[PDB]
Structure formats: structure tokens, C-alpha cells
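Here's the structure, in C-alpha cells; my notes come after.
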Amino acid sequence: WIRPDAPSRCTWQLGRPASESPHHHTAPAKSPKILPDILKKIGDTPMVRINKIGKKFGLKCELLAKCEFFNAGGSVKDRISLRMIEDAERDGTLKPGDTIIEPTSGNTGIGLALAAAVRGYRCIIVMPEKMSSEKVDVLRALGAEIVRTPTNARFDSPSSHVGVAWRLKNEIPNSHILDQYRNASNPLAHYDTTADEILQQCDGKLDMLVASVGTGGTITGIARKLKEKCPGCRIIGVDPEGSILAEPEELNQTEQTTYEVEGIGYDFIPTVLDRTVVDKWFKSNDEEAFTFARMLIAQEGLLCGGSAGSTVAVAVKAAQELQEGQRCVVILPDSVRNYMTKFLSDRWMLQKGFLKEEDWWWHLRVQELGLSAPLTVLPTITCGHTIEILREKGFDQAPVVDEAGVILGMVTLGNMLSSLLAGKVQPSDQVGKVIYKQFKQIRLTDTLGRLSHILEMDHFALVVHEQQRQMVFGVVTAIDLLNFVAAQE
Amino acid sequence: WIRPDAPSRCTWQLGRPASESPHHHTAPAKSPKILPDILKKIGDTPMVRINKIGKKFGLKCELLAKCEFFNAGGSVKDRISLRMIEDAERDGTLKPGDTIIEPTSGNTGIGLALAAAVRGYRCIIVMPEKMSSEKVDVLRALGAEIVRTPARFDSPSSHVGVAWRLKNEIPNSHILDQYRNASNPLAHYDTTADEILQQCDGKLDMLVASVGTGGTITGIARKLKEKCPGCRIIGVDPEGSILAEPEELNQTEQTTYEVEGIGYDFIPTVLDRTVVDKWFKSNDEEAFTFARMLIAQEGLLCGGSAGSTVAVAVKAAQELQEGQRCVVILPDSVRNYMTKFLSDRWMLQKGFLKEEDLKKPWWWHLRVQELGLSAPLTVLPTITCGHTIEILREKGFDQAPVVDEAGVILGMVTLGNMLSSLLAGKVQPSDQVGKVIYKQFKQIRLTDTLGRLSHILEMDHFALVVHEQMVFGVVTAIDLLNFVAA
Ligand code: HEM
Ligand code: HEM
Ligand SMILES: C[S@@+](CC[C@H](N)C(=O)[O-])C[C@H]1O[C@@H](n2cnc3c(N)ncnc32)[C@H](O)[C@@H]1O
Ligand SMILES: C[S@@+](CC[C@H](N)C(=O)[O-])C[C@H]1O[C@@H](n2cnc3c(N)ncnc32)[C@H](O)[C@@H]1O
Ligand SMILES: *Cc1c(COP(=O)(O)O)cnc(C)c1O
């Protein structure tokens with residue numbers, strides 16, 4: 001196994017002629033009238049001027065945006081997913097029918113699974129288990145296969161999202177790992193194509209480039225091509241808090257290492273990353289990322305992700321030094337398609353406490369309902385006798401309780417039923433196995449509004465003795481609320 | 001108010017020179033290095049050859065795909081949302097700071113909300129109350145405002161009439177009316193069809209398009225019939241829609257289908273059915289199947305309507321021989337359908353997906369007639385909501401049928417629907433219950449599997465046993481559980 005953070009052996013140095021390069025170099029391509037396949041849609045991404053957000057924050061300059069979400073897969077990684085493969089295919093490293101294994105979650109695995117789906121490669125994406133249903137559904141739809149690795153297990157560990165991919169690589173015939181962190185094809189893709197597009201579209205003239213930093217291939221290749229052909233251009237790198245990628249190290253000091261923004265920042269310094277071509281670094285957080293993302297979507301009509309928001313949130317700061325007549329280009333990595341249920345959802349933004357909006361009987365208290373005396377069950381009775389009673393009284397449940405009255409959980413009918421479809425339970429065995437812990441608990445002193453929210457969300461909430469959370473005062477559903485309302489109106 | 005199905009007054013006739021046209025005509029545009037705004041990204045969509053699926057089903061011809069999901073909003077409607085506005089803006093009909101009300105829940109609301117967001121118009125989208133979260137979240141994110149309308153085409157309180165009520169009540173408000181507006185088919189007549197002719201060098205022998213409002217297929221078929229006579233135009237209509245001709249094809253039991261964006265109960269103004277050489281009937285199964293097949297094999301990320309288009313294409317293009325060309329229209333992206341046809345769980349829940357891995361419980365192929373269900377308790381449409389709440393209190397169910405005096409069941413009522421409506425303030429305890437009638441509901445019959453029933457009761461809280469149109473009763477989970485665990 002080789003470490004991705006292993007120091008770079010590249011001898012490239014500013015001033016060295018391009019004739020000395022040992023690598024293979026491609027060029028931006030004239031696109032056909034009719035595309036032979038969807039993969040030809042990758043590249044030649046549009047440059048869109050930012051008209052509102054630039055001026056709103058007082059930028060005297062021109063602010064352009066390089067939109068990589070118009071790539072066939074809806075991310076910048078479609079550039080490298082193509083390149084890394086097209087190189088391997090040339091090298092003789094990659095054969096027809098082979099397997100491509102990658103230790104990635106969502107941003108590269110999509111591009112790779114797409115290219116693999118088009119060209120008939122088996123694709124194996126290895127990642128933690130709780131991966132967002134958007135990315136996971138896209139991958140499964142493209143034909144890729146997923147390996148769930150444990151949520152808590154280290155990078156250096158033998159059971160992680162990465163090491164296990166290497167174990168599969170060794171164990172599975174014809175399997176290859178392109179290794180986006182170590183592969184020179186990653187930054188060479190942007191060095192050869194992206195940076196040339198940016199230079200063509202800007203007529204060779206721009207005074208700043210702002211990019212968010214992930215593996216680092218993008219910002220590296222771009223900054224190198226620019227430093228060569230456009231010296232005056234300053235390169236600005238963006239790093240989330242909790243990441244050590246940014247320089248100097250003093251900026252990297254923080255309490256938590258966890259952030260909600262996807263695609264940028266992780267704990268190690270990849271091989272492909274060149275931090276000597278980055279003129280200045282900026283620290284962003286999740287709040288301004290998502291805020292500026294919503295602002296981009298709303299004001300500019302640009303459908304993009306949170307990393308784009310980070311990039312721009314930094315841009316409005318870094319471009320203040322720029323005056324009138326100059327130009328600043330930002331990199332917008334991906335689309336909103338992956339974040340449909342995350343930063344795009346107001347409920348989610350509220351839950352994490354980012355925007356946190358404010359909130360005739362709405363402020364009336366649940367107490368006014370005057371509910372029934374609960375039917376609770378022992379963990380220990382059969383599922384048959386269980387749904388026998390729940391059929392008798394037309395109630396759907398239990399707080400599942402111990403002998404002391406302590407709540408051990410809850411159980412509902414539908415849960416039982418799906419547990420039966422899976423065949424993991426049968427009427428004989430104890431109900432204590434089917435305990436449903438994923439419901440929500442709210443109680444007497446709570447507002448009827450929050451309850452209402454849960455009632456359009458779920459089937460029920462659970463009134464607990466106010467100051468004893470292990471105690472059950474009663475069970476609330478929509479029918480008793482409708483009872484209250486229809487009663488006093 | 002004007003009806004969308006009102007007959008077309010257009011005097012356009014095949015053979016008439018283009019110099020006689022009273023309308024305004026644009027042309028496909030050379031795009032800049034740097035786009036001044038995102039709206040310039042609309043158009044010049046790529047044409048991608050279909051290499052696998054064509055040959056797999058035995059097509060001797062070339063099958064190309066016009067991908068409209070690469071538009072800035074991720075749908076074909078971005079073309080018209082632009083046009084309808086750009087015309088109004090020119091006409092003096094549309095002023096800066098105005099309000100654009102549209103009663104569509106379709107992609108048009110997205111395109112319009114985007115253009116409105118970019119150009120600073122207030123946007124009001126009026127639609128039903130279910131409305132799968134993707135579209136709704138996109139709209140709210142773009143700055144648009146939503147009105148929930150608890151669906152009926154010519155009703156006074158619907159997704160459309162109330163938009164006209166707002167149009168009258170709100171200053172500077174306009175309704176572009178995608179069904180009646182000539183800008184809709186003119187957008188495709190002027191641009192899309194010219195793109196298709198440029199990319200195909202003026203030669204193609206068939207075009208297959210799914211039919212929604214009909215502006216697309218109309219404008220395209222007209223431009224083609226003019227400049228490429230040999231090209232046959234093939235229209236696609238879901239089952240439950242009457243758009244297809246002849247009328248004999250439109251015969252079906254249910255009028256409800258899961259595919260979004262195509263087929264209607266009415267014939268829109270902009271639709272010209274005299275330029276369509278042949279029509280084909282598609283269903284939801286082959287739509288979603290071919291959509292998954294497009295994504296998997298061709299790497300094309302698209303929607304279910306695309307699947308319908310292609311599912312028809314592999315049939316219609318069989319007449320084509322080697323050397324010819326067939327072009328299909330792919331309307332939208334998978335972005336709206338992330339939790340619907342893209343989800344395996346959902347595909348299973350609706351019964352489209354294939355069942356076995358080769359073993360499962362014995363009651364699976366038993367049927368619900370064995371459950372021994374009792375008589376349903378029916379509610380009148382004229383009853384008061386509070387009364388419903390009383391009866392349904394005492395009996396203790398979460399749902400009841402809404403049926404008129406003549407015996408025909410107009411629908412179902414669920415507590416979540418009543419609560420949802422009340423929280424919006426669109427219903428009161430003294431109101432008609434006929435307001436909260438819930439017309440989208442799932443049917444399992446007497447003779448259908450206990451398995452299908454199970455999948456149903458994983459989607460939703462009920463389904464409804466019917467002896468043949470007639471009924472039997474209402475089924476929920478606890479009867480299944482009671483039967484099995486017995
Ligand atoms: C005149 C220009 C360049 C020269 C002469 C050059 C030369 C080299 C050399 C000698 C190596 C060592 C390979 C090894 O030790 O196994 C290397 C590696 C590498 N180069 Fe370059 N290079 C040039 C430009 C670039 C550019 C423009 C990029 C990216 C945009 C790049 C990315 C890399 C990467 C990622 C490695 C791998 C380092 C490692 O595996 O540790 N190089 N290069
Ligand atoms: C030589 C070519 C054409 C001529 C002379 C023509 C003429 C007309 C005329 C006289 C009307 C009646 C306006 C009214 O009564 O309000 C009309 C309406 C209309 N035209 Fe055309 N037209 C031509 C081509 C087209 C094309 C190519 C399209 C679309 C692709 C189109 C779409 C419409 C629509 C949607 C209406 C509205 C009909 C209604 O509101 O009931 N026309 N046209
Ligand atoms: C008869 S049930 C009807 C079906 C409804 N979906 C439900 O499960 O509550 C509705 C009434 O029973 C009450 N209820 C539900 N679960 C209960 C439980 N485990 N113990 C006592 N009352 C319960 C509710 O609060 C409501 O007043
Ligand atoms: C008592 S309810 C308990 C709550 C459950 N969620 C429900 O609505 O069915 C369950 C029993 O009532 C039946 N049921 C539900 N709605 C019905 C109605 N409208 N007419 C007759 N039986 C009904 C079910 O089929 C089942 O046998
Ligand atoms: C509107 C629509 C169509 C049909 O396009 P028309 O312009 O009505 O002919 C097809 N698919 C989707 C998803 C649509 O929204």
C-alpha cells in the first residue's frame with residue numbers, strides 16, 4: 001500500500017520550458033455537431049459573469065464563474081474521471097472489461113461510474129455506510145457497486161474506505177485503483193484543458209483566480225498553467241475549518257474537525273497538491289458556504305453546491321483588493337443535485353441551526369388536548385399477541401418499556417410488517433427485537449405547531465412527564481388535534 | 001377567464017410561405033465566450049448518438065438523442081420560459097418588477113422562477129398540495145412563492161382558476177399560459193427545430209417526441225414538414241391521456257399515471273395534431289425501465305418522459321432501414337426524480353420492478369380476498385368536516401371514502417390531508433368535506449397478491465379492495481398482520 005500524502009517527486013519548476021515535461025499532454029477539443037457518446041460533453045464549460053452578488057458586496061472588478069456542473073455528470077471530477085481512465089486505457093494498464101475500484105464518496109465515484117457504465121467497466125465504489133441517498137442512488141443507477149465500510153475506522157486502519165479498496169484491488173482480478181490523490185492525470189486534466197479554457201474565454205487576461213481545495217489537482221494544474229502564461233494572476237485557495245491544507249498553519253487552528261460542506265479539505269496533504277503555487281489561503285465555514293450557495297441560486301440563477309458557496313464567500317473578500325477594470329474568476333465545482341435533501345432543504349438548514357427561522361392555536365400547548373392513558377407493552381410478549389391487542393383496540397403501538405416503566409423504545413405496525421417482509425422476525429419470537437427507536441419524542445409543554453410539523457412528518461409523537469423522559473404520560477396523533485380544533489371551532 | 005383547450009385560430013397551413021407569418025421569429029444564437037447571465041446557456045443543446053440501446057433492440061438505423069436536460073434549469077421548458085418572457089418584455093406586457101403567476105407545477109415553474117430570479121420578477125407558482133419535494137425545494141430556493149390548491153381541471157377552486165383569481169387581485173400580475181401562448185410552439189419552431197436541422201445537416205427520416213402541452217412537437221413538426229418533408233413525426237402519449245389519435249388508442253381504465261410532464265385530459269390550443277404522422281401509447285413501466293436503461297447503458301442522466309420517448313422509438317424506428325436517421329427528444333434530467341424512479345425502493349413499491357433473487361414467506365401469493373374484510377363506511381361529499389372528525393373519532397380510523405348520493409365514489413379523505421389543508425387555512429371545521437377529497441390514491445383489488453398489498457402498505461397507509469366499476473372495502477396493515485400472525 002502507498003500513502004496518498006506521500007511527498008511529490010515532481011521536478012516541475014516555474015520557468016522550465018514545456019518541452020521538458022515527461023508527461024502526456026492533451027488539448028481542449030473542438031466538439032462535434034453530433035456527440036458519439038455522452039462523455040464528449042465533459043469540458044468546454046461555460047463562463048458566466050456574476051452581476052448581482054459582486055456589486056452587492058462592493059466589488060469594483062469583474063467576477064466570472066467557471067461552471068463545472070454543466071459537465072455530463074454534474075461535477076468537475078468528470079474531467080479527471082475521464083482523464084485518469086483515458087490515460088490508463090492508453091498505458092495498457094486498463095483493459096476492456098476490467099474493474100475500477102475507488103475509495104471515494106460521491107464526487108469522483110459518479111464520474112468514474114459513468115465512464116465505466118459507458119465503456120463497460122465494472123465499477124466498485126468503496127465508502128462509509130451512511131452516504132447520502134442522492135449520491136448512492138446515482139451510483140447504483142449507473143451500475144456501480146458499493147462497499148460499506150465502517151463509520152469509525154482510521155485512514156491508516158485496515159478497515160476503512162481506502163485500505164479495504166486496496167485489499168479488494170489485490171483480491172479481485174483485473175482490478176485497478178486510479179488513486180485520484182496520487183495520480184498525475186488529476187492535475188494534468190486541469191493543466192491541459194480547464195486552464196486553457198479559462199485562458200481562451202478570458203482572452204489571456206485575468207487578475208485573480210479563486211478555487212476551493214479538495215484533492216488539489218484542479219487548483220494545482222490551473223495555478224501552474226496560469227503562473228506560466230499569466231504571471232500577474234494571483235491564485236487564492238479556499239480551505240474549510242477543520243482542514244490543515246491551508247497555509248500558514250496558524251490558520252488551521254480550530255476545535256472541531258467536522259464540517260458539513262462536501263468535497264473540500266481533508267486532514268492530509270495529497271501528493272498532487274502544490275502549495276507553492278498558491279499565493280494566499282482563506283478559511284471558510286459551513287454557514288457562509290451554504291448562505292452564499294442559496295444566494296447564488298436565488299440571485300444569479302446558478303444551480304450549484306456548497307463548495308461553490310465557499311469559493312464565492314471567499315471571493316467577495318479576496319477580490320476587494322482588485323480595482324475597476326480588472327477581472328476575477330471563481331471555480332464552481334458541482335450542482336445542487338447531490339444536495340437536494342441537505343442545504344436545499346429549509347428543514348435541514350433549520351436543524352443544523354444555520355438560518356433558524358422564527359417559530360390561532362399554534363402557540364397553544366399540547367396539554368389542552370387531554371389525551372388517553374397509554375397502552376404500553378413488555379419487551380418480552382410475542383409479536384402475534386402484540387398485533388392481536390393492537391388489532392383489538394385499534395392502537396398502533398407501544399412505548400416499549402421495561403419492568404420499571406423506563407422507555408426502552410417504541411414499536412409500530414408498519415415497522416413490524418417491513419421486518420416481516422425482510423423475514424427477520426416471525427410471530428413466535430419476542431417483540432423486543434423490532435423496537436423502533438427512530439420516532440420523535442415531544443411532550444406536554446411543547447407548542448402545537450412543532451407537534452403539527454411532526455404530524456405531517458410522522459404518525460405520532462410521545463408525551464413524556466415534563467421534567468421524566470423515561471416516563472410516558474400519553475400518546476398523541478392527528479385525530480386528537482383535529483378533535484381539539486373541530487371542538488373549539 | 002379563457003379555456004386552455006379552446007380551438008386554435010392559427011391560419012398556418014403547410015405550403016404557406018414564411019413571409020406571410022404575423023408572429024415574431026427569432027433564430028438560434030451564436031453563444032459568447034463569456035455568458036452575460038445564466039439564461040444565455042438555454043439552447044444549443046447537444047445531440048448524442050445512442051450506441052447500445054438502439055442495437056440491443058435491433059434497430060438498423062442511427063438513433064440520436066436531443067438532450068434538453070443540459071439547459072440551465074435542467075429541462076426543455078427553459079426554452080419557453082425564456083421566450084414567453086422575452087416576448088412579453090418586448091410587447092410592453094411585462095414590466096420591471098412585475099409578478100409572473102403560472103398555475104403549472106411542471107418544469108415551467110422552474111424555468112420561469114429562474115428567469116424571474118435572474119431578472120428580478122416576483123414569481124408565483126400555483127399547484128396541488130402533494131408536489132414531490134424536489135421541484136418544490138428548487139422553486140422555494142429560486143425565490144418563487146407557492147400556492148397549494150387542494151386538483152380539478154375546470155373547477156373554480158383548482159390549480160388554475162385560483163391563479164387567475166390572484167392575477168385579477170394582484171397588481172402587475174400576468175399569466176403567460178403555456179397552453180395557449182404561441183410563444184411556446186414558436187420557441188421550438190424558431191430555435192430547437194433549426195438546431196436539429198443544423199446538427200443533422202438537414203437530413204433525418206424520423207422524429208419521436210413525447211407530448212405534453214404540445215408546443216414542442218408542434219413547432220418542430222411544422223418546421224420539419226416545411227424544410228424536410230420525408231421526415232415522419234411520431235407522437236407519444238401515456239395511457240389515460242386523450243391526446244393521441246385515433247381515439248380508439250385512448251381507451252383505458254385508469255386516467256392516473258406516474259410519469260410526469262406528458263399527456264392531458266384536454267387538447268391544448270398550441271397542439272397541432274395534423275402534423276403528427278402517427279401516435280403511440282406508452283405506460284409508466286416501460287417509461288421508467290427505459291429511463292434506467294438510458295442512465296445505465298448510455299450514461300444519460302434524464303427523466304421518465306425520456307424513457308417513454310425511447311421505449312416508443314425502438315418500436316417506431318423498426319420500419320427504418322440502415323443508412324437512415326431517427327431523432328428523439330429527451331425532455332428533462334433525473335434531478336426532479338431523485339426519490340422517485342431512481343429509488344429502487346420506490347420502483348418496488350409501485351410494482352414496476354422484478355421480484356426474486358434466484359425465497360420468501362408463503363402468504364406472498366395468497367390474495368386479499370382471504371383477509372375477509374368487512375363493509376367500508378362511506379362519507380357524503382356534503383358532510384361537515386367536524387362531523388367526519390366525530391364519526392371517524394368514534395370508529396378510530398385514519399381514512400374514509402368520500403362518495404356522493406348516487407353511489408359513485410369520487411375519492412378518499414385522510415386525516416393528514418384534512419390537517420394539511422387546515423394548517424394552510426384552506427378548510428375549516430364547518431366547511432364541506434368535499435373540499436378535502438383526495439384524488440390520488442392507490443388501488444389494490446380482491447384478486448391481487450398479498451405481496452403487492454404489502455408493497456402498497458409500505459408506500460401508503462391503505463388501498464382499496466374492489467369486486468368488479470364497483471368496490472369491496474378498505475384495507476390497511478393490521479388486517480394483513482392479523483391474518484399472517486393468526
Ligand atoms: C516541464 C514540466 C514537468 C516536468 C519536467 C515534470 C517532471 C516530473 C518528474 C521527473 C516526476 C517524477 C516521477 C517519479 O519520480 O516517479 C514527476 C511526477 C509528477 N508530476 Fe510532473 N513534471 C512536469 C509538469 C507537471 C505538471 C504541469 C503537473 C500537474 C499539473 C505535474 C504533476 C505531477 C505529479 C502529480 C507527479 C507524481 C509525483 C509523485 O508520484 O510523487 N507535473 N514529474
Ligand atoms: C406563414 C405562417 C403563419 C401564419 C400566416 C400564421 C397566422 C396566424 C393567424 C392569422 C393567427 C390568428 C391570431 C388570432 O386569431 O388571434 C395565428 C395564431 C396562432 N399561431 Fe400562427 N401563423 C403562422 C405560423 C405559425 C407557427 C409556425 C406557429 C407555431 C410553431 C404558430 C402558432 C400560432 C398559435 C399558437 C396561434 C394562437 C391560436 C389561438 O390563440 O387560438 N403559427 N397564426
Ligand atoms: C384509535 S387510534 C386510531 C388510529 C391512529 N392511526 C393511531 O394509531 O392513533 C387513535 C387514538 O388512539 C390513541 N392512541 C394511539 N396509540 C395509543 C396507545 N398506545 N395508547 C393509548 N392511546 C393510543 C391516539 O392518541 C388517538 O386518540
Ligand atoms: C381500526 S383501524 C386502525 C387505524 C388504521 N391506521 C386504519 O385507518 O385502518 C384499522 C381497521 O379498520 C379498518 N378500516 C380502516 N378504514 C376503514 C373504513 N373506512 N371502513 C371500514 N373499515 C376501515 C381497517 O381495514 C382495519 O381492519
Ligand atoms: C412539458 C414536458 C414534456 C412535453 O413537452 P411539450 O413542450 O409539452 O411538447 C415532456 N417531458 C417533460 C418532463 C415535460 O415537462
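Within each chain, counting starts at residue 1; across the C-alpha cells, chains are named A, B, ... in the order shown, with ligands numbered 1 upward in that order.
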Q: From a DSSP calculation on the backbone, collect every residue of range 280-356 of chain A in helix (DSSP H, G or I) and output the set as a PyMOL selection string.
A: chain A and resi 286-300+306-321+336-339+346-351
**Q.** Near-residue 242 in chain A list (9 Å; only C-alpha atoms; drop same-chain fewer than 3 positions) as a ChimeraX atom specification
**A.** /A:239,252-259,265-267
(Q) How would you report the residues lying within 10 Å of ligand 5, as a PyMOL selection string, if you count only C-alpha atoms and all ligand atoms? (A) chain B and resi 68-69+74-77+79-80+104-109+178-179+184-185+187-188+209-220+235-237+259-264+268+270-271+302-309+329-334+336
Can those selected residues be exported to a file as an mmCIF file, in the first residue's frame so that it contains C-alpha atoms?
```cif
data_model
loop_
_atom_site.group_PDB
_atom_site.id
_atom_site.type_symbol
_atom_site.label_atom_id
_atom_site.label_comp_id
_atom_site.auth_asym_id
_atom_site.auth_seq_id
_atom_site.Cartn_x
_atom_site.Cartn_y
_atom_site.Cartn_z
ATOM 1 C CA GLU B 68 -32.674 19.248 -23.188
ATOM 2 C CA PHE B 69 -31.540 18.463 -19.639
ATOM 3 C CA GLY B 74 -32.339 21.148 -16.491
ATOM 4 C CA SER B 75 -35.462 20.938 -18.655
ATOM 5 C CA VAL B 76 -36.829 21.763 -22.103
ATOM 6 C CA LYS B 77 -39.169 24.369 -20.614
ATOM 7 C CA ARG B 79 -36.608 27.386 -23.786
ATOM 8 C CA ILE B 80 -40.184 28.603 -23.491
ATOM 9 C CA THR B 104 -48.183 24.879 -13.593
ATOM 10 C CA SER B 105 -46.389 22.561 -11.194
ATOM 11 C CA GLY B 106 -44.347 21.339 -14.136
ATOM 12 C CA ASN B 107 -40.838 22.293 -15.232
ATOM 13 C CA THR B 108 -42.254 25.556 -16.498
ATOM 14 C CA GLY B 109 -42.417 26.820 -12.920
ATOM 15 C CA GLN B 178 -48.097 27.867 -21.539
ATOM 16 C CA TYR B 179 -51.074 26.001 -23.034
ATOM 17 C CA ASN B 184 -44.408 28.056 -26.611
ATOM 18 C CA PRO B 185 -44.502 26.331 -30.011
ATOM 19 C CA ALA B 187 -39.761 28.739 -29.363
ATOM 20 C CA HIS B 188 -39.232 25.265 -30.797
ATOM 21 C CA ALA B 209 -41.339 13.269 -29.238
ATOM 22 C CA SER B 210 -43.389 12.883 -26.061
ATOM 23 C CA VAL B 211 -46.461 15.093 -25.925
ATOM 24 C CA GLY B 212 -47.171 17.468 -23.051
ATOM 25 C CA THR B 213 -48.757 20.835 -23.802
ATOM 26 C CA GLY B 214 -47.652 20.106 -27.344
ATOM 27 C CA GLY B 215 -45.767 23.242 -28.301
ATOM 28 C CA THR B 216 -42.506 21.344 -28.776
ATOM 29 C CA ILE B 217 -43.730 18.599 -31.101
ATOM 30 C CA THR B 218 -45.938 21.124 -32.924
ATOM 31 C CA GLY B 219 -43.293 23.744 -33.720
ATOM 32 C CA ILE B 220 -40.749 21.095 -34.583
ATOM 33 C CA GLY B 235 -46.054 11.495 -31.031
ATOM 34 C CA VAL B 236 -46.037 9.760 -27.661
ATOM 35 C CA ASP B 237 -48.976 9.735 -25.241
ATOM 36 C CA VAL B 259 -44.896 9.738 -15.485
ATOM 37 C CA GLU B 260 -44.573 13.499 -15.037
ATOM 38 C CA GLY B 261 -44.892 16.080 -17.795
ATOM 39 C CA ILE B 262 -46.857 14.359 -20.558
ATOM 40 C CA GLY B 263 -50.468 13.695 -21.508
ATOM 41 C CA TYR B 264 -53.594 15.611 -20.593
ATOM 42 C CA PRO B 268 -54.385 22.366 -25.684
ATOM 43 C CA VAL B 270 -50.942 25.108 -29.185
ATOM 44 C CA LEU B 271 -51.161 21.426 -30.091
ATOM 45 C CA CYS B 302 -32.594 12.009 -17.660
ATOM 46 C CA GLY B 303 -36.258 11.640 -16.648
ATOM 47 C CA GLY B 304 -39.114 9.195 -17.221
ATOM 48 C CA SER B 305 -40.593 11.042 -20.190
ATOM 49 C CA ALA B 306 -37.291 10.384 -21.952
ATOM 50 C CA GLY B 307 -37.853 6.715 -21.221
ATOM 51 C CA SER B 308 -41.315 6.896 -22.777
ATOM 52 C CA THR B 309 -39.922 8.637 -25.845
ATOM 53 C CA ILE B 329 -36.447 14.323 -27.737
ATOM 54 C CA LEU B 330 -35.180 13.897 -24.167
ATOM 55 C CA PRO B 331 -37.097 16.452 -22.069
ATOM 56 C CA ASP B 332 -35.555 16.650 -18.591
ATOM 57 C CA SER B 333 -32.955 15.471 -16.056
ATOM 58 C CA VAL B 334 -33.091 12.996 -13.204
ATOM 59 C CA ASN B 336 -36.536 16.014 -10.118
#
```
Q: Name each residue within 9 Å of ligand 3, counting only C-alpha atoms and all ligand atoms, as a ChimeraX atom specification.
A: /A:371-377,390,393-399,412,459-460,474-481,483 /B:392-398
Please produce a file of the residues just selected, as a compact mmCIF listing (two decimals), in the first residue's frame, where the atoms kept are C-alpha atoms.
```
# COMPACT_ATOMS: atom_id res chain seq x y z
CA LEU A 371 -55.12 12.65 25.95
CA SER A 372 -55.72 9.00 26.87
CA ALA A 373 -53.96 6.82 29.44
CA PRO A 374 -51.23 4.97 27.44
CA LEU A 375 -51.18 1.30 26.44
CA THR A 376 -47.57 0.15 26.79
CA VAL A 377 -46.13 -3.31 26.25
CA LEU A 390 -53.24 -3.68 18.60
CA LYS A 393 -58.19 -1.68 20.37
CA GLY A 394 -57.20 -0.06 17.07
CA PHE A 395 -53.99 1.32 18.53
CA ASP A 396 -50.77 1.04 16.52
CA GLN A 397 -48.17 0.58 19.28
CA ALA A 398 -46.10 0.59 22.38
CA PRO A 399 -43.81 2.71 24.13
CA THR A 412 -45.41 0.41 15.37
CA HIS A 459 -47.66 9.26 12.52
CA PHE A 460 -47.13 10.36 16.13
CA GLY A 474 -49.74 9.51 26.78
CA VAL A 475 -49.80 9.02 23.00
CA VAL A 476 -50.71 11.80 20.54
CA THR A 477 -51.96 11.54 16.93
CA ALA A 478 -53.63 13.83 14.39
CA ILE A 479 -57.14 12.71 15.30
CA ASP A 480 -56.99 14.23 18.81
CA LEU A 481 -55.68 17.54 17.46
CA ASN A 483 -60.71 16.74 17.79
CA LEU B 392 -64.03 8.80 12.42
CA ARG B 393 -63.24 9.62 16.05
CA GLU B 394 -65.55 7.07 17.46
CA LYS B 395 -64.72 4.35 14.96
CA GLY B 396 -60.98 5.09 15.15
CA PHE B 397 -59.63 5.03 11.58
CA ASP B 398 -57.26 7.45 9.81
```
Contact residues around residue 232 in chain B with only C-alpha atoms at 10 Å, ignoring same-chain residues under 6 positions, as a short mmCIF file (atom, residue, chain, number, x, y, z; two decimals) with N, CA and C atoms, in the first residue's frame:
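This is the output file out.cif:
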```cif
data_model
loop_
_atom_site.label_atom_id
_atom_site.label_comp_id
_atom_site.auth_asym_id
_atom_site.auth_seq_id
_atom_site.Cartn_x
_atom_site.Cartn_y
_atom_site.Cartn_z
N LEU B 204 -32.88 13.89 -41.74
CA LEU B 204 -33.33 12.90 -40.76
C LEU B 204 -34.65 12.32 -41.23
N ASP B 205 -34.89 11.04 -40.94
CA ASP B 205 -36.03 10.34 -41.50
C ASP B 205 -37.16 10.07 -40.51
N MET B 206 -36.94 10.45 -39.25
CA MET B 206 -37.97 10.29 -38.23
C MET B 206 -37.64 11.13 -37.02
N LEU B 207 -38.67 11.66 -36.37
CA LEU B 207 -38.51 12.34 -35.10
C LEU B 207 -39.56 11.86 -34.12
N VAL B 208 -39.12 11.45 -32.94
CA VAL B 208 -40.02 10.94 -31.92
C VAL B 208 -40.02 11.88 -30.72
N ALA B 221 -42.48 19.76 -35.68
CA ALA B 221 -43.11 19.07 -36.80
C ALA B 221 -43.46 20.01 -37.94
N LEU B 224 -40.10 21.07 -39.67
CA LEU B 224 -39.63 19.89 -40.39
C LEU B 224 -40.47 19.60 -41.63
N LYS B 225 -41.79 19.52 -41.46
CA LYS B 225 -42.70 19.31 -42.59
C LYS B 225 -42.45 20.32 -43.70
N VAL B 275 -50.07 17.61 -37.87
CA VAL B 275 -48.68 17.49 -38.28
C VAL B 275 -48.00 16.24 -37.72
N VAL B 276 -48.74 15.49 -36.90
CA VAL B 276 -48.25 14.24 -36.32
C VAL B 276 -48.68 13.04 -37.17
N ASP B 277 -47.70 12.35 -37.76
CA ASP B 277 -47.97 11.26 -38.69
C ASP B 277 -48.46 9.98 -38.02
N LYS B 278 -48.03 9.74 -36.79
CA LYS B 278 -48.51 8.58 -36.04
C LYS B 278 -48.31 8.74 -34.53
N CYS B 326 -32.87 8.66 -37.00
CA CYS B 326 -34.03 8.89 -36.15
C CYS B 326 -33.62 9.75 -34.96
#
```
**Q.** Long-range neighbours of residue 402 in chain A as a count of residues only, 8 Å cut-off, only C-alpha atoms, 5 positions minimum in chain
**A.** 4
Q) Hey, which residues come within 8 Å of ligand 2 if we count only C-alpha atoms and all ligand atoms? Could you give them as number ranges by chain? A) B: 6-13, 16-23, 180-190, 215, 218-220, 222-223, 269-271
Q | Expected answer as a list in words: residues within 6 Å of ligand 4, only C-alpha atoms and all ligand atoms | A |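 The residues near ligand 4 are residues 394 of chain A; 375, 376, 377, 396, 397, 398, 399, 400, 474, 475, 476, 478 and 479 of chain B.
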